[PDB]
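Visitor: Quick one: the structure is below, and I'll ask about it shortly.
In my numbering, the protein residues as written are 13 to 419.
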């Protein structure tokens, strides 16, 4: 249901009349948001009417004299949307588009009204945004629809451009980021009333600190942290293979070791094999070493830190994977790789979010401190020092949480 229902049914009707069919499940949901002036990420598959909704919404906003911008990754998408719009458009609505392979006549029409603010709907690509950041940031759109997600996150300058495009002053963006950098949360001014920002998808390769400005300014998150987690993060201020040996001696079983490089991984594999530990590697034979580890044949599994890796993301065994050890912090620092990797030790099993332990071996105070603040902003989780870690109690929490799971 929706408070502001009257605007929802007014949207619902207009859609069915113009488009011809009724809003779909996702579209209804999205509809109830747009009606309330909430921005959001379109978490849905392809072919369920993502572009159609953005298009129809812009049309519905034009009736009330509100302006929209529709940003696409390709030119053909710009054309196709322009064509569809001008066919569905009424007599009043002013619609203009722009791409490089456009006629000089049609180009000047766009540039004329663009400067004169004589438009209701604008359609251009992500390239256009890169060429016209200055001019764009000087305009406020009630609705901005971004189809390409990576483009938004490729340059920190991009995020700022959209933000200002939705009526968020540059001064407020600086103060917001200045606040977020310190690790605090920024309380946007309640009298600002920004426009609607809608991002079509979520990047399979997110990067940066910038993407957090949507969280405090438009109250939505571009990135895809996990629903929830129960992980204890502990840091070891060195690379002591023997500080490691005495950890494996109490952990004993269900251990994953992520090395920065395949070279350092082999070195670590040699050392542990030399001390007669039951260890296996994943760079040579993954399918077989993981199944042995899965069945209990192998106690320790060593791998290589990679964003979309087999061991970092793919593996799904909360009942088997209890402890995650990082031989050096993922290069970057790569909080998203650390996040995915440490999540192997903690997820829902038979109605219990089991307890997981993540240990980081980092000697570089500088690199570790970066990882710490970033983990705090993204996953709202902290990393404790070895001296605050009660290993016996941690091992207990790991075993006890997997009994309450069997219940």
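All C-beta atoms in this analysis are idealised placements derived from N, C-alpha and C, irrespective of residue type, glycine included.
Could you check which residue in 392, 196, 65, 357 has the C-alpha nearest to that of residue 26?
Guide: 65
Visitor: Write down the C-beta distance between residue 108 and residue 119 rounded to the nearest angstrom, noting that I regard them as a contact closer than 8 Å.
Guide: The Cβ separation is near 10 Å, so there is no contact.
Visitor: Using a Cβ-Cβ cutoff of less than 7 Å, which residues in the same chain neighbour residue 260 once the five nearest sequence positions on both sides are dropped?
Guide: 267, 289, 312
Visitor: Going by C-alpha distance, which of 169, 320, 223, 147 is nearest residue 216?
Guide: 320
Visitor: Pairs of beta-carbons, one from the segment 245 to 253 and one from the segment 82 to 91, closer than 8 Å: are there three or more?
Guide: Taking one beta carbon from each stretch, the segment 245 to 253 and the segment 82 to 91 have fewer than 3 pairs nearer than 8 Å; the two do not touch.
Visitor: Would you kindly work out how many angstroms separate the C-alpha atoms of residue 378 and residue 341, rounded to a whole number?
Guide: Residue 378 and residue 341: Cα-Cα distance of roughly 11 Å.
Visitor: By the three-class DSSP mapping on this structure, what secondary structure does residue 387 have?
Guide: helix
Visitor: Between the C-alpha atoms of residue 39 and residue 182, what's the straight-line distance to the nearest angstrom?
Guide: Each residue's Cα considered, the two are about 32 Å apart.
Visitor: For residue 245, write down the residues that DSSP places opposite it in a beta bridge.
Guide: Under DSSP, residue 245 shares a beta bridge with 370, 395.
Visitor: Would residue 48 and residue 23 qualify as a contact pair, given that the criterion is a beta-carbon distance under 8 Å?
Guide: For residue 48 and residue 23, no; Cβs fall outside 8 Å.
Visitor: With respect to the alpha helix (DSSP H) encompassing residue 131, which residues constitute its N-terminal and C-terminal limits?
Guide: Here residue 131 belongs to no alpha helix (DSSP H), and DSSP marks it neither H nor E.
Visitor: From 385, 198, 179, pick the residue whose C-alpha is nearest to that of residue 345; which is it?
Guide: Residue nearest to residue 345 within the set 385, 198, 179 is 385 (criterion: CA-CA distance).
Visitor: Which residues bound the alpha helix (DSSP H) around residue 277?
Guide: 274 to 286
Visitor: Tell me whether residue 149 is buried or exposed, calling it buried when 16 or more other Cβ atoms sit within 10 Å of its Cβ.
Guide: Classification for residue 149: buried.
Visitor: State the Cα-Cα distance for the pair residue 31 and residue 68, rounded to the nearest angstrom.
Guide: 8 Å
Visitor: Check for me: the alpha helix (DSSP H) holding residue 20 runs from which residue to which?
Guide: Here the alpha helix (DSSP H) through residue 20 covers 17 to 30.
Visitor: Less than 8 Å between the CB atoms is what I'm expecting for residue 197 and residue 228, so what's the real figure, rounded?
Guide: 6 Å
Visitor: Among residues of its own chain, excluding the 5 on either side of residue 90, which ones have a beta-carbon nearer than 6 Å to its beta-carbon?
Guide: Correct list, in chain order: 84, 109, 111, 135, 137.
Visitor: Between which two residues does the beta strand (DSSP E) carrying residue 226 extend?
Guide: Segment 225 to 229 is the alpha helix (DSSP H) holding residue 226; no beta strand (DSSP E) there.
Visitor: From the DSSP output, read off the bridge partner residues of residue 53.
Guide: 211
Visitor: Within the chosen definition, does the segment 207 to 225 reach the segment 155 to 167 through at least 3 CB pairs nearer than 8 Å?
Guide: As far as the Cβ criterion goes, the segment 207 to 225 touches the segment 155 to 167, which means the pair count is three or higher.
Visitor: In this structure, does DSSP put residue 347 in helix, strand or coil?
Guide: helix
Visitor: In this structure, does DSSP put residue 323 in helix, strand or coil?
Guide: Helix at residue 323.
Visitor: Measure the C-alpha to C-alpha separation of residue 317 and residue 253 and round it to an integer number of angstroms.
Guide: Using only the alpha carbons, I get a separation of about 18 Å.
Visitor: Among 298, 308, 331, 304, which residue has its Cα nearest to the Cα of residue 324?
Guide: 298
Visitor: At the level of alpha carbons, what is the spacing between residue 19 and residue 142?
Guide: 35 Å
Visitor: Under 8 Å, do residue 206 and residue 180 count as touching if we go by C-beta distance?
Guide: yes
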